[PDB]
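Worksheet: the structure to be examined is printed underneath.
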Ligand SMILES: Nc1ncnc2c1ncn2[C@@H]1O[C@H](COP(=O)(O)OP(=O)(O)OP(=O)(O)O)[C@@H](O)[C@H]1O
Ligand SMILES: Nc1ncnc2c1ncn2[C@@H]1O[C@H](COP(=O)(O)OP(=O)(O)OP(=O)(O)O)[C@@H](O)[C@H]1O
Ligand SMILES: [Mg+2]
């Protein structure tokens with residue numbers, strides 16, 4: 001560049017390359033946390049009972065405390081929808097004192113979004129991993145691959161699944177070898193987190209490189225605990241409704257579990273609580289005492305009189321009938 | 001050229017730094033090569049987005065209710081939902097973009113209610129019809145390296161509205177082409193329609209993320225068994241039950257007859273249609289749940305009336321009553337005559353449900 005002029009495009013190519021090289025955090029790392037109780041606390045103030053993930057993070061901190069190298073593994077989360085397999089990422093990064101970056105891979109089907117293009121092209125840019133490293137301005141970040149199952153296994157003009165498998169190599173990760181940044185880059189410190197629903201879609205070579213943690217859904221008791229601890233206060237706050245007035249009783253939440261929400265996630269529960277407090281806010285606006293009571297006896301006025309209870313059940317079994325069990329998405333049957 | 005907008009839109013900090021770096025790059029660039037052209041296009045796309053301007057949120061319940069009720073009759077659920085949305089927005093001073101889906105038989109009015117909702121909420125309306133996509137390019141866009149690189153239709157919709165917090169009406173969700181390899185727009189919609197990921201849309205053409213947490217996404221589908229469970233989990237579905245015969249008659253007499261008469265050239269001048277004619281047309285011609293074929297029948301009747309008025313050039317007003325209805329809309333086609341006057345042994349009358357309705 002010292003012998004280049006702005007007249008020809010060589011100067012532009014070289015300055016773009018230099019800017020990309022100097023933007024990448026080549027040597028600076030993040031300050032790892034060494035306080036296990038502090039990390040446990042900061043993990044327990046956002047989610048209720050995801051015991052396996054919290055134990056994994058605590059073990060990560062403990063093993064990092066016994067060395068000076070912060071090794072980044074490939075943790076992978078699989079579970080039913082609405083179990084918080086994506087919302088944890090931010091809290092996990094906060095607990096690990098790392099910078100969080102989310103990388104959605106839902107519709108991406110070209111390797112140019114992973115490896116980029118050569119400098120020969122007019123508008124070539126590096127992949128999203130290098131851009132994530134540039135945005136974080138630090139090594140060992142927390143890159144959350146938001147959709148592993150929904151890639152399509154590649155069609156034509158690119159096979160992104162193979163490129164991602166090249167990125168997520170537990171041993172040969174120190175040389176990513178970006179196509180645009182044409183020299184190897186150390187990805188062995190980055191922490192990679194999945195967000196997946198079905199394990200039968202990921203190819204076996206890619207699945208073999210990832211440590212999978214099964215994120216089982218929530219039981220009805222865990223559902224009411226999650227509601228009363230995080231969802232009811234948040235839904236109440238998201239519509240004003242602050243000063244010592246309308247709230248949902250415990251029997252109302254129990255009836256909501258028993259008759260309206262039998263799934264594994266807590267998203268439909270969020271919808272029901274949001275609609276209850278939305279109707280309460282509408283009533284408050286229309287009426288301009290200020291206390292409104294919501295309980296079991298008046299719950300089928302807010303979430304709708306329709307319910308979800310049949311229980312099937314013969315009062316007394318005649319000879320020939322036998323009651324077995326079956327597994328369904330809506331709890332059991 | 002680009003300074004006035006970026007001054008007047010109050011863009012976030014990260015995009016401000018990106019824009020500053022971009023103009024620093026352009027200062028050393030010249031028109032001779034295509035680098036200047038692609039940079040200018042990138043800056044034009046970046047400046048087009050209404051980064052920090054919103055609309056005036058609705059604050060009056062009665063006027064919003066009257067705006068809603070002047071174009072549709074029976075959607076009490078949708079009107080109640082909009083009223084609750086306004087009430088919630090009033091108590092906070094801010095607004096949140098909720099995701100809502102409409103499901104029902106064709107003709108109930110899922111697509112038309114979107115414009116009325118947007119007008120009541122004082123939000124600019126954009127309708128995105130996505131029935132025929134096979135690729136994600138229309139949702140996430142293409143990288144600027146490619147010559148045929150255009151942002152996703154969400155970014156283009158935000159530019160067209162020229163104001164954030166719009167109402168984006170997604171016309172079809174059932175017709176979404178799932179296909180296989182070469183693209184899957186369903187997961188792209190999952191990314192777009194995530195209630196907590198709206199802050200990091202991260203379009204391909206614009207590497208900087210954009211905020212979609214204020215957009216009021218309104219979807220529309222006919223069935224619910226085709227949509228993937230992850231997509232359906234993040235959507236709030238409202239069922240639209242088909243109209244009853246009395247409801248259809250009221251909808252006709254209050255909105256369809258005046259509109260068809262106005263658009264047929266006989267507006268409030270000569271021709272009227274009796275209630276008995278409406279009831280007969282409902283019972284013998286239009287037994288469905290929607291009001292599309294009923295509207296077609298009324299428009300045909302009024303077109304024939306206009307032709308008769310023009311050619312003819314008795315009574316002062318022309319009546320289209322039940323007795324002379326068959327000479328305007330043809331013979332009845334849905335007569336019920338397969339019944340039994342006296343049921344013989346072995347025969348039992350049952351009931352059935354179809355898309356048309358009861359049987
Ligand atoms: N165990 C939990 N404790 C507290 N909140 C939870 C828990 N699981 C989920 N939530 C809450 O439920 C909501 C939805 O969670 P989220 O968006 O992370 O779902 P998900 O499991 O990642 O979804 P999907 O599989 O569809 O991608 C969030 O508000 C999240 O905080
Ligand atoms: N309640 C109503 N009041 C007045 N007009 C109505 C009402 N419901 C439906 N219509 C009219 O009936 C027609 C239905 O068209 P519209 O596109 O709104 O239906 P849709 O159910 O959304 O259609 P599709 O499923 O084919 O997309 C329109 O002309 C609309 O104005
Ligand atoms: Mg009209």
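We did not get these values from a lab; they are worked out from the coordinates using the rules stated. We place every Cβ from the backbone using ideal geometry, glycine too, and count neighbours over all the protein chains shown.
Data overview
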item	result
Hits in region B:227-263 - residues which are outside any helix (DSSP H, G or I) and within 14 Å of ligand 2 (Cβ to nearest atom)	B:238, B:239, B:240, B:241, B:242, B:243, B:244
Matching helices (runs of 4 or more DSSP H) fully within region B:118-197 where at least 1 residues are within 16 Å of ligand 1 (Cβ to nearest atom) and at negative phi	B:185-192
Residue B:149 vs. criteria facing chain A (nearest Cβ under 9 Å) and either closer than 21 Å to residue B:96 by Cα or out of contact with any helix residue (DSSP H, G or I) (no Cβ under 6 Å at 6 or more places or on another chain) (or both)	yes
Within region B:11-37, tally of residues that are under 24 Å from residue B:162 (Cβ atoms) and within 9 Å of another protein chain (Cβ to nearest Cβ)	1
Positions within region A:119-146 being within 21 Å of residue B:135 (Cβ to Cβ) and more than 7 Å from chain B (Cβ to nearest Cβ), in sequence order	A:127, A:128, A:146
Residues within region B:59-76 that are more than 16 Å from ligand 3 (Cβ to nearest atom) and either under 14 Å from residue B:238 (Cβ atoms) or within 13 Å of chain A (Cβ to nearest Cβ) (or both), tallied	9
Hits in region B:77-96 (condition: touching a strand residue (DSSP E or B) at 6+ places or on another chain (Cβ under 8 Å), surrounded by fewer than 20 Cβ atoms within 10 Å (Cβ to Cβ) and more than 9 Å from every other protein chain (Cβ to nearest Cβ))	B:77
Of all residues in region B:229-248 being over 30 Å from residue A:198 (Cα atoms) and surrounded by fewer than 18 Cβ atoms within 10 Å (Cβ to Cβ), the one that is nearest to ligand 1 (Cβ to nearest atom)	B:241
Residue match in region A:283-292 (condition: assigned to a helix (DSSP H, G or I), buried (at least 17 other Cβ atoms within 10 Å of the Cβ) and more than 10 Å from chain B (Cβ to nearest Cβ))	no
Residue B:106, sole failed condition from (1) crowded, with 16+ Cβ neighbours inside 10 Å; (2) within 17 Å of the chain's Cα centre (by Cα); (3) farther than 20 Å from residue B:254 by Cβ	(1)
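Condition check ((1) within 16 Å of ligand 1 (Cβ to nearest atom); (2) closer than 27 Å to residue B:124 by Cα; (3) away from chain A (no Cβ under 14 Å)) across all residues:
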{"position": "B:209", "(1), (2), (3)": "no, yes, no"}
{"position": "B:223", "(1), (2), (3)": "no, no, yes"}
{"position": "B:227", "(1), (2), (3)": "yes, no, no"}
{"position": "B:253", "(1), (2), (3)": "no, no, yes"}
